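Shown next as structure tokens: one chain only, the form deposited without this ligand.
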């Protein structure tokens, strides 16, 4: 099934649907939770709050992320922040690329990238 409403309140269920569709991708595995202190190279020094697909969703549970620039910056924050402290590894920058591209395709279902 796909989500594609056209209202403010209905957007909560669509932005979250895009979350379930983005986290379900084969590249959201590095964004399905909050980084760590011993596993993360150093997100506490360059990426304080990247808002992966788990924290941004926790806020989207109500209305924290539902205003075009709010849902976009949140996801773009996951991809951007993740790539920022991630050199040309191999699947890290790729997945964020992929998933990000998958998000945009899902955004148009909500109408957030629209003008």
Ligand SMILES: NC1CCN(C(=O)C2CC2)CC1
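Residue numbers count along the first chain shown, from 1.
Although it is not shown, the form deposited with this ligand bound is what the next lines describe.
- For a residue to qualify, one of its non-hydrogen atoms must sit within 4.5 Å of this ligand in the entry with it bound; none of 12, 19 and 64 qualifies.
- The closest non-hydrogen atom of residue 70 lies beyond 4.5 Å of this ligand in the entry with it bound.
- This ligand in the entry with it bound is approached by residue 82, whose closest heavy atom lies within 4.5 angstroms of it.
- Contact check for residue 55: no non-hydrogen atom falls within 4.5 Å of this ligand in the entry with it bound.
- Shown alone here, residue 92 lies within 4.5 Å of this ligand in the entry with it bound, counting heavy atoms only.
- Along 33-51, residues 35, 39, 40, 43 each place a heavy atom within 4.5 Å of this ligand in the entry with it bound.
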